[PDB]
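Coming up is one lone chain in structure tokens, specifically the form deposited in one PDB entry.
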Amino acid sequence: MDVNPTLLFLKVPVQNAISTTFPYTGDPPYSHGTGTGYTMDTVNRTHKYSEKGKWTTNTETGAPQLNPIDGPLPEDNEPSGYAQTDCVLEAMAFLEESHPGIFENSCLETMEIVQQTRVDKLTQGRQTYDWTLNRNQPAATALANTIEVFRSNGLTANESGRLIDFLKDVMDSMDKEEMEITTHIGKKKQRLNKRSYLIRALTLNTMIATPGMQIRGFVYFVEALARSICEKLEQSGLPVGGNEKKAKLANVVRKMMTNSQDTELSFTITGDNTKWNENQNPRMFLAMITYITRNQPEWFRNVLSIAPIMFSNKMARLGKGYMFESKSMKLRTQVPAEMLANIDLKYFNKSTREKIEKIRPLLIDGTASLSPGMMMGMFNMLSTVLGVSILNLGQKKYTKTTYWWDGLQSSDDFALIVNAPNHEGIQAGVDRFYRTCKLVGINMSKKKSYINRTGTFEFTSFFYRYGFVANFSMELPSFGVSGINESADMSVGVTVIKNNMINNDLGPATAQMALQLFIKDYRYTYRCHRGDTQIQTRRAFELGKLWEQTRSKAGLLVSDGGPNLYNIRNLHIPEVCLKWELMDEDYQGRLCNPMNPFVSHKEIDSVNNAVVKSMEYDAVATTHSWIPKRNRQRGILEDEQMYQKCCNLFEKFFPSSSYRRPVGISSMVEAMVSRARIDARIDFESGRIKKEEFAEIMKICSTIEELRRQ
């Protein structure tokens, strides 16, 4: 007898036993599938899918640019980017007609967002391409470096604190004749001409790719507008959560089936768009943004249109380069992509030879010019808006025929449902939807899509079967220690189990097993094994002494070697409060001593909250609230901690700055000096500071004021 788990599908339907079709529970330990060859392949494919468009040379960057808009209509089923401007404008017009006033309300909300936004928003992104360092850097560091360079170049609008002023500075810099970059090593100066700076500001480092700080704000505003548009569409799967997706799937299925007559025939397509990024054109986004922002203040239109304009002239960096190895002398060397333009083609294989030959004409200064197409994770919501417009174009008042379609679109994925009197009607509807998508520049992956009678389908890993919906967009989440500290980790683990039980259909027995495994992992990670156990750990002696000392062992925390009192009953209760009544008086006092040297609190945003998304956990500040040790070159800032060093020493003057965002008219130094003087006066009056100290403090305050005035 040969065991075959797949045979379990002969009795249990696949949708019911879909868990067995997912190999891993967590991130796999390879995280591969990217490289320079991949970037060159994407560039080549994107240019090929629109090769029949019009070629031009940029007047600023002198880069080849391909415009497939209004190009020849496709003649085959291969992916294409020949979107028609009139067709997309008509789709937007009909979307507005079916949802009157949507564009105006979304524009007003986005105007509100634009006026009230702040620069530090840009610090909330992921790793970003710093053009000043010309490599990947953290979002906050990249923003600080760009601000420093702009200041050194006499651009200080961003000092107003508004992101829109930072964008004005970015545009002015794009209009600068020369840019100076100073790296502190000592010191070092470099000069960039207009073309070089423009190319640098119009790059997308590939590692998928990441933009520089010069496009983050414009993209943010465009995505805010697209989010506002999508929030008012019931056919949009973005950006709702896991609880609001099952409802939409069930509602659409019921609407397309129950409303169907006894002679009506309904079918459902589970569909993936083949590329959805290499055929989406920035010109189309510009056209649809221009239509959306009709009859709006000119500044708002300009701000929203800068993003697609900037992306239409983007550049893609080719990455690290290539690795060459020799067998005779076992010699290895690295060839940066910068020299890849001025090298022969005898070291690369046939496929690599073809890639380099194709991509050579498109590269300038080591960056391939990529006008057509897009990249995933950038304009997801605008693409969702376009897909929903196509979906809404399926109403019986637009098809003018018996067949009609409706469904859901989530960025790349979609679920369609076509109702028609007979099979030929369903075929006609599917063909019409496909052809309209092609006209608007959307390609459906024929290999990754399939149709069947309505009742069963899939959408973004949510599997629907006869009303039963199984959510597998994200499988079993990590059930180990998050890695903050003992108290935070315990609270996070129990809260995660509770939330999964509430929302993600986690069963009672599965929840108990998850709790057991989490407790085992917690004990092994933090060496807090039960005090009575004989496992040998560096922490075993102290835990055993504490165990023997205590009277009520049930009150000891798991981190203190106590028992686990958690069950399905009390997953919502913090452990410290759960066993508060069982604690010994002295142990409770020691654990909850506010003067202990371990507890620490950062700004309130990081208080009882962990970033994974961010989840808030309930915990009591105890001795177990310690911090793990911190772990850790060209540089624009001589002192990279100047901002933190200034913000610190302000919380010692005004502690409320930790909890509340301060507001004041005076400058930081003046406020600090005034507070110092007042505190010194009050302390000297109380009689716990002597003449010498007081006069000394008054003398530093005077010299600080003199320095600030000078």
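Basically, rigid core = biggest C-alpha set you can superpose within 1.5 Å across the two forms. Don't overthink the numbering: it's just position in the shown sequence, from 1.
Form deposited in another entry: not shown, discussed below.
**Student:** If you fit the two forms on their rigid core, which residue out of 345, 582, 89, 335 shows a CA shift of at least 2 Å between the shown form and the other one?
**Tutor:** If I go through the list carefully, the shifting residue is 582.
**Student:** For residue 534, does the CA position differ by 2 Å or more between the shown form and the other one when the superposition is done on the rigid core?
**Tutor:** Shift of 2 Å or more: yes.
**Student:** Answer yes if the CA of residue 604 moves 2 Å or more between the shown form and the other one after aligning the rigid core, and no otherwise.
**Tutor:** Yes, residue 604 moves 2 Å or more.
**Student:** For a quick test of reading the superposition: does residue 548 move by 2 Å or more at the CA between the shown form and the other one, rigid core aligned?
**Tutor:** Moves: yes, 2 Å or greater.
**Student:** What happens to the Cα distance from residue 165 to residue 663 in the other entry: does it get closer or farther than here, with a change of 3 angstroms or more?
**Tutor:** Residue 165 and residue 663 sit closer together in the other entry.
**Student:** Relative to what we see here, could you say if residue 217 and residue 663 have their Cα atoms closer or farther apart in the other entry, with a change of 3 Å or more?
**Tutor:** Compared with this form, residue 217 and residue 663 lie closer in the other entry.
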